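Before any questions on how it binds or moves, here is one chain, the form deposited in one PDB entry, in structure tokens.
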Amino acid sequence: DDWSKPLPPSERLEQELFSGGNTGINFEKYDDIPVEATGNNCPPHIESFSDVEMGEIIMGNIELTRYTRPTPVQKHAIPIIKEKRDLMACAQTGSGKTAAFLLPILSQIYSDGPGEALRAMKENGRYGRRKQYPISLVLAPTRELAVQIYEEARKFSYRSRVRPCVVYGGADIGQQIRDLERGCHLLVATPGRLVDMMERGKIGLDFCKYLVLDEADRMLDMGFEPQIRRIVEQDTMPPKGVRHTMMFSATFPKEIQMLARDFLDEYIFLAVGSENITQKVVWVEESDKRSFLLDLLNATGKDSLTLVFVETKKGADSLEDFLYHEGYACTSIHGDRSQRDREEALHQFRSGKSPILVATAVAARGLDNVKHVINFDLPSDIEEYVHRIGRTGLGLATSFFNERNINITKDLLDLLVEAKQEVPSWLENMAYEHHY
């Protein structure tokens, strides 16, 4: 019985599962991703589903649901889970958390098969068996979330021998029991309803190899902690390091961290996701950047430090000489500068003898109370912009923009909206005109 071999299709079933619902979304607004996965021997992230062998069944079902590339949380979660490592993932709503665990878990089940224990037991007959032993257990806080997880499981278990089931409180136990008795390899459950099934001898967790806690922060908020601990610690479920455990949550309070240390073994912490700073963006042609900078400098207080960012080292030297001949006390720093020359420049800047510092990205990585940060040249990527403006200690950041910075028009626009800053209407216009 090979579980990696797809079973014959059903045109009827395909339409019910894939025609509508949660098909793929363009996760491009978010593609400028701050994502970090820290842990011992952390498996590297993926850029395509092909970078790991999901298997024939999963790749075909991904093609039916119309996903093309992994979401940023999936880029890390999928290789982490397929390497059989535990995962603590803090990801905001709409990141693709559900598929981030369903895809690797089901892929592993297809490759490994049901295991020796299930074969050694009486095969689930046409009249079923009273008690079922799920290979994988997913815990959810509500019926709504549990049903949504279950629906995605059907899409990814299409043409497989994995039969998903879902049980939730506030419903008829009779339907759920009768649905369980037809086989259950992946179970989605609210905690209270799952405890009832275990007490009734309908569900056994002796062979549960994949445990997922979805929306874990909410489950604690709703008072499900005793049920979860009864499910995991006070029963037959294999312990940490034998089972493969994953916790997903939108927030990371200390209550979730303490639960992670109790439930997860040698795990990876995965996190996905500047408002005390006034930010201005102005259109400036290249030949006008110097004159625009002079007006800002002529408007600066007597004892306010100004940090001016430029793209190239030659541009930094050229801008320093220009400002000096214009009569402005300034200094400069870049990568070619010796450590002594950097110290001399910073000494003048900190002392205030030269309250203007012309710097490349060398000062974006903090070498040291700057009041004004000026992007004389905007950086080529939005990550550099964040590091630059964070040098302020009220704090102001002014950036020069022209057609050369069109590569960050949307990324900069998203940042201004996200930081509750004010948005030039022409920036929105150029963004939509350039991308649609």
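Between two forms, the rigid core is defined as the largest C-alpha subset superposing within 1.5 Å. Sequential numbering from 1, following the sequence displayed.
> What about residue 124, is it left unmodelled in a third or more of the other PDB entries we looked at?
Replying inline: Yes, residue 124 lacks coordinates in at least a third of the other compared entries that model both of its neighbours.
>> Where both flanking residues are modelled in the other PDB entries compared, is residue 26 itself missing in a third or more?
In response: Yes, left without coordinates in at least a third.
>> Between residue 273 and residue 274, what class does the number of missing deposited residues fall in: none, 1 to 3, 4 to 9, or 10 or more?
In response: Unmodelled stretch: 4 to 9 residues.
> Taking residue 393 and residue 394 as adjacent modelled residues, how many residues of the deposited sequence between them have no coordinates (none, 1 to 3, 4 to 9, 10 or more)?
Replying inline: Gap between residue 393 and residue 394: 4 to 9 residues without coordinates.
> Of 116 to 124 and 324 to 332, which one has the bigger average CA B-factor?
Replying inline: Stretch with the higher mean C-alpha B-factor: 116 to 124.
>> Averaging CA B factors per stretch from the PDB record, which one is higher: 408 to 416 or 13 to 21?
In response: According to the entry, 13 to 21 carries the higher average C-alpha B-factor.
> Out of 185, 154, 202, 289, which residue has the highest Cα temperature factor in the PDB record?
Replying inline: Comparing C-alpha B-factors across 185, 154, 202, 289, the maximum falls on 202.
> Per the coordinate record, which of the options 301, 104, 192, 241 holds the highest CA temperature factor?
Replying inline: Comparing C-alpha B-factors across 301, 104, 192, 241, the top value belongs to 301.
>> Which third, lowest, middle or highest, does the C-alpha temperature factor of residue 29 belong to within its own chain?
In response: Highest third.
> Which third, lowest, middle or highest, does the CA B-factor of residue 68 fall in along this chain?
Replying inline: It falls in the top third of the chain.
>> What third of the chain does residue 52 rank in for C-alpha temperature factor, lowest, middle or highest?
In response: CA B-factor rank for residue 52: highest third.
> C-alpha B factor of residue 283, ranked within the chain: lowest, middle or highest third?
Replying inline: For residue 283, the deposited C-alpha B-factor lands in the middle third.
>> Please say which third, lowest, middle or highest, residue 402 falls into when its CA temperature factor is compared across its chain.
In response: Tercile = lowest for this residue's CA B-factor.
Heads up, the form deposited in another entry isn't pictured, but that's what we're talking about next.
>> Can you tell me which of these residues, 82, 155, 342, 161, is the one whose C-alpha shifts by at least 2 angstroms between this form and the one not shown after a rigid core fit?
In response: Only 342 moves by 2 Å or more at its C-alpha.
> After a core superposition, would you say residue 64 shifts its C-alpha by at least 2 Å between this form and the one not shown?
Replying inline: No, the C-alpha position differs by under 2 Å between this form and the one not shown.
>> How about residue 279 - superposed on the rigid core, does its CA move between this form and the one not shown by 2 Å or more?
In response: Yes; that C-alpha moves by at least 2 Å between this form and the one not shown.
> Would you say residue 124 moves between this form and the one not shown, meaning its CA shifts by 2 Å or more once the core is fitted?
Replying inline: Yes, the C-alpha moves 2 Å or more.
>> Distance change of 3 Å or more between the C-alpha atoms of residue 94 and residue 419 in the other entry: closer or farther compared with this structure?
In response: Relative to the displayed form, residue 94 and residue 419 draw closer in the other entry - a change of at least 3 Å between their C-alphas.
> Any idea whether residue 20 and residue 51 get closer or farther by CA distance in the other entry, knowing it moves 3 angstroms or more?
Replying inline: Closer together, by at least 3 Å.
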